[PDB]
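Just the one chain here, the form deposited without the named molecule, laid out as structure tokens.
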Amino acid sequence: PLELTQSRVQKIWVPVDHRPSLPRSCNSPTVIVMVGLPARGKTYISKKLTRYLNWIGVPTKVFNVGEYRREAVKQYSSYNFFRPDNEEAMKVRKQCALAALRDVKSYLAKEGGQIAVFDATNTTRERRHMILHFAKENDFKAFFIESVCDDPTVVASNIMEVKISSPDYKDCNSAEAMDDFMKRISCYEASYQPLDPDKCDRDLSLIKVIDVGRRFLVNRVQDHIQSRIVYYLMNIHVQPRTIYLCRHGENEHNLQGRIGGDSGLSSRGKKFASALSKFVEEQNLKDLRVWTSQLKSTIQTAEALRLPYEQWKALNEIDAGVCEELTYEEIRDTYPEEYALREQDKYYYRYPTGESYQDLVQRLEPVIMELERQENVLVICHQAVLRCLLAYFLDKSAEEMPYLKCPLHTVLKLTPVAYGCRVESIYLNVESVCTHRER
């Protein structure tokens, strides 16, 4: 009894499965409901939350009712389409919401999706009662995220940043698009019934994000994922800042083509460290937090900056287990089965007594949460760690992640803009070996 086998790729101990003569094949999804008037950052919340949930391994998809509308109604003319007295467009808009819900059902019940973010105004109790009915009948959980903001400066900024550039306003100039959008918001104000956790919405699971995250009303958080979302929303901010990501300067193991270890900077690596200090100085940042791993090469690179820095064990390079300090040639010759398994499944593959890219994500989640809280940050890390962090910021899949290009002596400058990061690459003109290996 208790006979187990270790799975070759992930290295997971499973019961030996001696399937009989005729082998037989043999928790609840969530609908996240966005609530609020237009230009309240609902799409911003939807997209950022989906990016985070997918990166941590929770399959998530956004269903934006406006995109179903742009598909059903070819060209957008004006706010007149959104008028409450527009009988025809009101029918079309309802059909679009129902078509999005149909796709929500298919995603969660038939495609292995775990979270569906229903991105619409959902400003009336009637619409929300209909979404609740849809969730109850399909055995889906419902979690409401309402964004409430009365600041006209914030509303005008959102229109200027991401609304005027919408495909709806292609033939319009900035002034007419802004004016049309203000009229469009006014169409929703009369029927808008905010969430009432005090009386009406007392039994609903919800978060009210008030005044661009200054205040929060949290009601009946049922589970782990809702609690995580709430914690995430409370850590993110919309303040302007820059994230600089780079690897340690070239090390002695890099020169020998050896993986892992705790080797020091080569002469070129030390030159990069000096070049990085000059680069950092030229950026003229009021305050800058510097984060390193606990491995020597990243600390030596930070030492050249003459700035305070913090060492994180979570930033340490992927653990290669038995393959640590070996070259890839020595891995292929000593462990050919292991080498081929990794090449076939680079994300899920776990090194013996070591890690996978999947393990890295789990380790890096507190790093991501702290990066969100912070402003200007410089992260000096390692190739696999950098690919993982970059996949979060650039919304790259688990399959793409182990192959992202993160060259040595190159700074990745990340600027948060619209619904994602602008990425600028800055090579600091110091030669190094190449550690990138394609599939």
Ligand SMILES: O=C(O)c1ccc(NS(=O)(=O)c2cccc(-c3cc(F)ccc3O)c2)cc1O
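In this text, residue numbers run from 1 along the sequence as written. What we label the rigid core is the largest C-alpha set whose atoms superpose within 1.5 Å from one form to the other. Residues that one form lacks are left out of the comparison.
Although not depicted, the form deposited with the named molecule bound is the subject of the following passage.
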{"item": "Pose source in the bound PDB entry; superposed partner the named molecule; site open or blocked by backbone or C-beta within 2.4 Å", "value": "open"}
{"item": "Interface segment, criterion being heavy atoms within 4.5 Å of the named molecule in the bound PDB entry, picked from 363 to 371, 306 to 314, 272 to 280, 93 to 101", "value": "93 to 101"}
{"item": "The named molecule contact in the bound PDB entry: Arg332, any heavy atom under 4.5 Å", "value": "no"}
{"item": "Contact of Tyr107 with the named molecule in the bound PDB entry (heavy atom, 4.5 Å)", "value": "no"}
{"item": "Interface membership of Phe144, the named molecule in the bound PDB entry, 4.5 Å heavy atom rule", "value": "no"}
{"item": "Interface membership of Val411, the named molecule in the bound PDB entry, 4.5 Å heavy atom rule", "value": "no"}
{"item": "Contact assignment for the named molecule in the bound PDB entry, among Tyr244, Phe140, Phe82, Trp291, heavy atom within 4.5 Å", "value": "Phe82"}
{"item": "Of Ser205, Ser165, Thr124, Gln358, the one that lies within 4.5 Å of the named molecule in the bound PDB entry (heavy atoms)", "value": "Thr124"}
{"item": "Contacts with the named molecule in the bound PDB entry, stretch 178 to 201 (heavy atom within 4.5 Å)", "value": "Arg184, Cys187, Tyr188, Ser191"}
{"item": "Sequence-ordered runs, three or more residues, C-alpha shift 2 Å or more between this form and the one not shown, rigid core", "value": "20 to 22"}
